[PDB]
Amino acid sequence: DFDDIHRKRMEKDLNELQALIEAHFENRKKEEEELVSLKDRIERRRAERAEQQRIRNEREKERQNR
Amino acid sequence: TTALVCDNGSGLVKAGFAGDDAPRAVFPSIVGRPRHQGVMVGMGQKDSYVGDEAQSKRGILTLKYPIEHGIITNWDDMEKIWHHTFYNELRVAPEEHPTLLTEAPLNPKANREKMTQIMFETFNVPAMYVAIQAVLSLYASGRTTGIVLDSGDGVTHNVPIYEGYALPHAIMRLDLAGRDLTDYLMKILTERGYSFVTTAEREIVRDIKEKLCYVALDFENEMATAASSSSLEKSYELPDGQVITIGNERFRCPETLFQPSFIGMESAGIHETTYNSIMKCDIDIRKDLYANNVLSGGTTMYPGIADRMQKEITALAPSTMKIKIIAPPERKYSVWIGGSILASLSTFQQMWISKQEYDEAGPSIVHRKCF
Amino acid sequence: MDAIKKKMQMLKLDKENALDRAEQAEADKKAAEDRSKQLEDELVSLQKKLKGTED
Amino acid sequence: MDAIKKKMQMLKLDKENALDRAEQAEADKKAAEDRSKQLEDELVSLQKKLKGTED
Ligand SMILES: Nc1ncnc2c1ncn2[C@@H]1O[C@H](COP(=O)(O)OP(=O)(O)O)[C@@H](O)[C@H]1O
Ligand SMILES: [Mg+2]
């Protein structure tokens, strides 16, 4: 007894810390930069949609104005 | 085959196969019948949602715990909980697995006998064994001595053990536990305007207690500080909005543990029943018990309790002895980890209550040599 | 977050173990030095008794 | 961030302080123990010469 405390504690004392650091690094890398880039891409597409909407609205208002 | 280490508890049922690190399925032990009428046809509405399913439909249920203070008050509901645990959370038929239940100290005999009778007749297990909830928590710490304070959610008990020889005359069982703290918190929240009454809102108050409350190192200084500054007021968002702000209710709810006069209980706090439990022991093993005080159970997870308790005991104890409080990070599942370790032992493999033995002596076999 | 708390807990386990070992060693030093000085006093009394016997 | 750095550094400092204090205490314990052994060894011979003197 009291000799399995080493073999159940020291293991996770380093392996768990290193593995969680690895998980945090990979999750941040996968998540944050890709999300910001994708949001910028969607913003550019949204601006293009806004331009298309403005053009169509203006041309239809020009024709229909009677 | 492998053994099933179930642990009924009172508030959270923890179960899993023997030999692992953590319980496989942990879910509240509540059985809630619906209370309204119900107009949709064919919706597939059941008559009783148990376990973690009734913590999601709790808006239209009346949850009721089947275990009040360690003892079991509603046997049909407890049978339903066990059936759910075996068949849906573990999906292993009990006909092929030994079981290791756990029971608080100083409980009524009839409860234990009915438990074994159910396990042998309804579920028809091969062999079951009942163990005291504190010896397991001592197993999990890897010690062999020490006095363990297992403050669960139903009942707080304090079993001292030396060199493997338990001291039956020094067990101090006190019935203040997490549930009474939930009720007291729900009662002092009314001083700001928030009223929780329904049995469903008791769960919300429990969540508030878990996430916000903490044990003060010194009570009077905290009461004075919270009454002048506002650095303590932490806010919390209800399940529908309308955030609430908890002031000095934060450290007044768990203070009831050290002053049970708050909820009208006469007895002394958990800081003084441990010292009394030690002083009943012999004069030559008091140093070891002082040095190996073990904490377990859910309710001992309050942030800052391992320092308050040490300060209190150091105040009570003689100045020469060293007071050390073992507070492992895996406190909540300490009893179940110990249960897994005990069930995995080879020396223990012949202590099970085999079914043929029960057939020969009846349910009263549990009080006999097979304890 | 998640890993940060566990790393803090490891740093705290090291704290408790190191502090406990330091305190225990300090108590050991106190006890051992008291033993040595009491033995030295016994030696002194023996020297004085030898002196009386010589007289 | 800010909190992680200061807390981690303070805790590592606590561990190092406890360790070095324990090492100093154990060194003094070993030295005192050996000196105590010397005191015992000399005291035995002092007793022997005292016994001869008394005879
Ligand atoms: N993190 C926590 N902080 C404060 N209290 C907690 C925490 N987790 C659980 N509790 C309290 O402990 C109780 C669960 O205790 P538990 O050890 O599951 O009891 P049992 O011995 O019946 O298993 C809950 O009702 C809750 O009030
Ligand atoms: Mg328990």
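Where a number appears in this text, it was derived from the coordinates with a stated rule and is not lab data. We place every Cβ from the backbone using ideal geometry, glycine too, and count neighbours over all the protein chains shown.
Summary of values
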item: Residue-averaged 222 nm ellipticity for chain B, from DSSP H runs of 4+ at -39500 (n - 2.57), nearest 500; result: -8500 deg cm²/dmol
item: Quotient of C-alpha Rg and 2.2 N^0.38 Å, computed over segment B:250-371; result: 1.41
item: Förster radius 56 Å - calculated FRET efficiency between C:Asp34 and B:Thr1, Cβ distance, rounded to 0.05; result: 0.40
item: Amide H contacts of B:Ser10 (H built 1.01 Å from N, under 5 Å, at least 5 apart or other chain); result: B:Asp153, B:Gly154
item: Chain B: radius of gyration over Cα atoms, expressed as a fraction of 2.2 N^0.38 Å; result: 1.04
item: Relative contact order %, chain B, counting alpha carbon pairs below 8 Å whose residues are six or more apart; result: 20 percent
item: Shape of segment B:96-196, Cα gyration tensor, a/c cut at 1.5; result: oblate
item: Fraction in percent of alpha-carbon pairs per bin - 5 Å, chain C; result: 4, 16, 10, 10, 10, 8, 9, 6, 6, 6, 4, 4, 3, 2, 2, 1, 0
item: About the Cα centre, charge dipole magnitude for segment B:198-290 (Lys/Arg +1, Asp/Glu -1 at Cβ), debye; result: 80 debye
item: Rounded FRET efficiency, nearest 0.05, which uses the C-beta distance separating B:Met223 from B:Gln55 and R0 of 51 Å; result: 0.90
item: Proximal charge balance of A:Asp13 [Cβ under 13 Å; K/R count +1, D/E count -1]; result: +4
item: Neighbour-count order for B:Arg35, B:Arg58, A:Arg9, fewest beta carbons within 10 angstrom listed first; result: B:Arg35, A:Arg9, B:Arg58
item: Peptide B:44-56, shielding by other chains (average Cβ, 10 Å cutoff); result: 0
item: Residues with amide H under 5 Å from that of B:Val148, placed H, sequence gap 5 or more; result: B:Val159, B:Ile161, B:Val294
item: Separation of alpha-carbon centers, segment B:212-261 and segment A:22-66, rounded to whole Å; result: 47 Å
item: Under the Karplus curve 6.51 cos²θ - 1.76 cosθ + 1.60, θ = phi - 60°, whole-Hz ³J(HN,Hα) for segment B:125-138, x wherever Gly or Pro sits; result: 6, x, 6, 10, 9, 10, 10, 6, 5, 8, 4, 5, 4, 6
item: Using a 7 Å Cα-to-Cβ projection, C:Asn17 label spacings across copies, nm, ascending; result: 2.1
item: Shielding score for D:32-42, defined as the mean number of other chain Cβ atoms within 10 Å; result: 5
item: Spacing of the two label points (7 Å from each Cα toward its C-beta) at A:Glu16 and A:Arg56, in nm; result: 5.7 nm
item: For B:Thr145, net neighbour charge (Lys/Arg +1, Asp/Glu -1) across residues whose Cβ lies under 14 Å away; result: -1
item: Span per principal axis, largest first, for the Cα atoms of chain A (Å); result: 95, 17, 6
item: Value of Rg to Rh for segment B:4-56 (Rh from inverse mean 1/r over Cα pairs, i.e. Kirkwood); result: 1.15
item: 5 angstrom amide H check on B:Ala25, placed H, neighbours 5+ away; result: B:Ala15
item: Table column - 3J(HN,Hα) (Hz), segment C:41-51, Karplus curve with 6.51, -1.76, 1.60, x for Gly and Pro; result: 4, 4, 4, 4, 4, 5, 4, 5, 4, 4, 5
item: Normalised convex hull volume, segment B:1-155, alpha-carbon set, Å³ per residue; result: 131 Å³
item: Chain B, dipole about Cα centre (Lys/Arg Cβ +1, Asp/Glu Cβ -1), debye to the nearest 20; result: 120 debye
item: Ranked list, fewest to most other Cβ atoms within 10 Å of each Cβ, for D:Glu26, D:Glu16; result: D:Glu16, D:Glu26
item: Sorted by Cβ density within 10 Å, fewest first, the residues B:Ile161, B:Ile270; result: B:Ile161, B:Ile270
item: Protection proxy ranking, peptides B:184-193, B:316-325, B:48-57, average beta carbon neighbours within 10 Å, highest first; result: B:48-57, B:184-193, B:316-325
item: Dipole-positive endmost among B:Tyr302, B:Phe196, B:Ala343 within chain B (Cβ charges, Cα centre); result: B:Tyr302
item: Restraint check, B:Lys234/C:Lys6; C:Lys12/D:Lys15; B:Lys324/D:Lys5; B:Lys332/C:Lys5, Cα-Cα greater than 19 Å; result: B:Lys234/C:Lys6; B:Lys324/D:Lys5
item: Charge context of B:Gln133, other residues only, Cβ under 9 angstrom, K/R +1, D/E -1; result: -3
item: Estimated inter-spin distance, C:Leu43 and B:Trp75, nm [label 7 Å along Cα→Cβ]; result: 7.8 nm
item: Stokes-Einstein D (µm²/s) once Rh is taken as the Kirkwood radius of the protein assembly as shown over alpha-carbon pairs, at 25 °C in 0.890 mPa s; result: 86 µm²/s
item: Order by protection proxy (mean Cβ within 10 Å, highest first), peptides B:271-283, B:148-160; result: B:148-160, B:271-283
item: Tail fraction, Cα-Cα pairs, segment B:290-356, threshold 15 Å, whole percent; result: 64 percent
